[PDB]
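Number of protein chains: 2
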Amino acid sequence: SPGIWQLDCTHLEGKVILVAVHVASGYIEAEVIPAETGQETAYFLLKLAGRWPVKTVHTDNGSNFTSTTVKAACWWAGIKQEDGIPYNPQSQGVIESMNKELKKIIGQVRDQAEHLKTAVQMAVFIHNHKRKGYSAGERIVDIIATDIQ
Amino acid sequence: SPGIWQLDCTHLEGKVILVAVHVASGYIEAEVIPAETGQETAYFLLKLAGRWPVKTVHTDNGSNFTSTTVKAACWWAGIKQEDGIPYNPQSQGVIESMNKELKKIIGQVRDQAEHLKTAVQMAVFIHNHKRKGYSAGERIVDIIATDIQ
Ligand SMILES: C[N@H+](Cc1ccccc1C(=O)NCC1CCCCC1)Cc1ccc2c(c1C(=O)O)OCO2
Ligand SMILES: C[N@H+](Cc1ccccc1C(=O)NCC1CCCCC1)Cc1ccc2c(c1C(=O)O)OCO2
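Chains as they are written, first to last, in the UniProt record's numbering: chain A, 57 to 188, 193 to 209; chain B, 57 to 188, 193 to 209.
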């Protein structure tokens, strides 16, 4: 579970926000892209796995599951590519909630930047620092450190 | 010590690679940009600080030290903006070496992507996973987790 991430795609202002959630902590990375392609998703995964020890990715849809570019990135970075079927029905609800919370933070910061990408990065910052008392940022670091030991 | 990062700018193929180094571990983040501007540097810092607990940034040059956009990003993300003066002369030598090693990895992966940005992310991945037997990736996590406890 320290190595499991879930991909998530949401829309705002005619653009796409691509999100990876570290499942055990709720810590997130996110980027704005014009549209979700195999290439964009493969590139995002490569960035993510250079930064965190990514063992498993649950892809956000069947297109990214199927995508040969996505599979090439997962091969490259040593990631086990998995489906994102919520065999646990609570998974749908956790992600739906996260999308709504992210969008609310984006709306709270939206006037502090011209570009959506800036607002989304501000939202990422606030989400990962929010104490719920540990933050998601602290949780992921603790989970991975325990693992290394 | 857990919160100290150093900005570093290097060139390749007529483009700019902006690097942040976590000093205590040697762990890096990097991006390709067409030129180093205040806005690009500010945006990169905002991404960095949503991801890692960034307390201090030693900026890479006086322009970025001076830049009001960079100061705005550091204010935003709660970062102390500092100069990068190598009062310890071993600092220039560490960065120069890091730049040469990154450029060497990029040349080794260069044919595996059309775009420089992809090669640079492959280089980031390889750098952070390289065991020296702990990796930079393992050191940053252990250092930050030790600090949290
Ligand atoms: C040039 N604008 C001016 C601006 C315009 C409108 C509203 C607020 C501001 C403003 O100064 N906000 C303060 C924040 C600036 C970001 C760091 C945190 C403080 C900001 C900016 C800088 C760098 C970027 C941007 C943007 C963007 O506007 O999206 O997009 C990609 O790299
Ligand atoms: C479309 N190209 C094809 C290609 C072209 C030339 C040489 C090798 C390859 C190739 O297949 N590389 C193997 C894989 C290595 C891990 C990453 C996934 C590709 C790859 C690619 C995908 C996504 C991107 C890119 C690029 C890029 O070429 O820079 O740039 C921004 O998002």
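From the three backbone atoms N, C-alpha and C, an ideal C-beta is built for every residue, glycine too.
List, from N- to C-terminal side, the beta strand (DSSP E) runs of 3 residues or more that fit wholly inside the segment 65 to 95 of chain B. 71 to 78 and 83 to 89
Does the CB of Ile73 of chain A have a neighbour CB from chain B at under 8 angstroms? Your numbering for residue 73 of chain A matches position 17 in the first sequence. False, the Cβ-Cβ gap to chain B never drops below 8 angstroms.
Taking Cβ to Cβ, would you say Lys136 of chain A is nearer than 8 angstroms to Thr112 of chain A? Working through the first sequence from its first residue, we reach residue 136 of chain A at position 80. Working through the first sequence from its first residue, we reach residue 112 of chain A at position 56. Cβ distance < 8 angstroms, so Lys136 of chain A and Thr112 of chain A count as in contact.
Taking only beta carbons into account, state which residues of the segment 136 to 163 of chain B come closer than 8 angstroms to chain A, listed in chain order. none
Along the beta strand (DSSP E) that carries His114 of chain B, what are the first and last residues, could you check? Position 58 of the second sequence, counted from the start, is the residue given in the question as residue 114 of chain B. Per DSSP, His114 of chain B belongs to the beta strand (DSSP E) from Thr112 to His114.
Can you tell me where the alpha helix (DSSP H) with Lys156 of chain A in it begins and where it stops? Reading the first sequence from its first residue, position 100 is the one you call residue 156 of chain A. Counting along the chain, the alpha helix (DSSP H) containing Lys156 of chain A begins and ends at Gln146 to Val165.
Checking contacts by CB at 8 angstroms: is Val126 of chain B closer than that to chain A? Counting from 1 along the second sequence, the entry for residue 126 of chain B is found at position 70. Not an interface residue.
Would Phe181 of chain A count as contacting chain B if we go by Cβ distances under 8 angstroms? Sequence index remark: in the first sequence, residue 181 of chain A carries index 125 (1-based). So yes, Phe181 of chain A belongs to the interface.
What three-state label does DSSP hand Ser195 of chain B in the structure shown? Residue numbering aside, residue 195 of chain B sits at position 135 when the second sequence is read from its first letter. Three-state DSSP puts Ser195 of chain B in a strand.
Through-space distance from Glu69 of chain A to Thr124 of chain A, alpha-carbon basis: The residue you call residue 124 of chain A lines up with position 68 of the first sequence. The residue you call residue 69 of chain A lines up with position 13 of the first sequence. If I take the Cα positions, the gap works out to 29 angstroms.
Strictly under 8 angstroms for the Cβ-Cβ distance: is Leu102 of chain B near chain A by that measure? Taking the first residue of the second sequence as position 1, residue 102 of chain B is located at position 46. Yes, because at least one Cβ of chain A sits closer than 8 angstroms to the Cβ of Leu102 of chain B.
Using a threshold of 7 angstroms, is the CB atom of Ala128 of chain A nearer than that to any non-hydrogen atom of ligand 2? Indexing the first sequence from 1 puts residue 128 of chain A at position 72. Under cutoff, so the answer is yes.
What three-state label does DSSP hand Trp108 of chain A in the structure shown? Locating residue 108 of chain A in the first sequence gives position 52, where the first residue counts as 1. In the structure shown, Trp108 of chain A sits in coil (DSSP, three-state: anything other than H, G, I, E or B).
Going by C-alpha distance, which of A:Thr122, A:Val165, A:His114 and A:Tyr99 is nearest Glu170 of chain B? Sequence index remark: in the second sequence, residue 170 of chain B carries index 114 (1-based). Selected option, being the one with the closest Cα: A:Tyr99.
contact_flag[the segment 141 to 159 of chain B, the segment 67 to 86 of chain A] where n(CB pairs < 8 angstroms) is 3 or more: no
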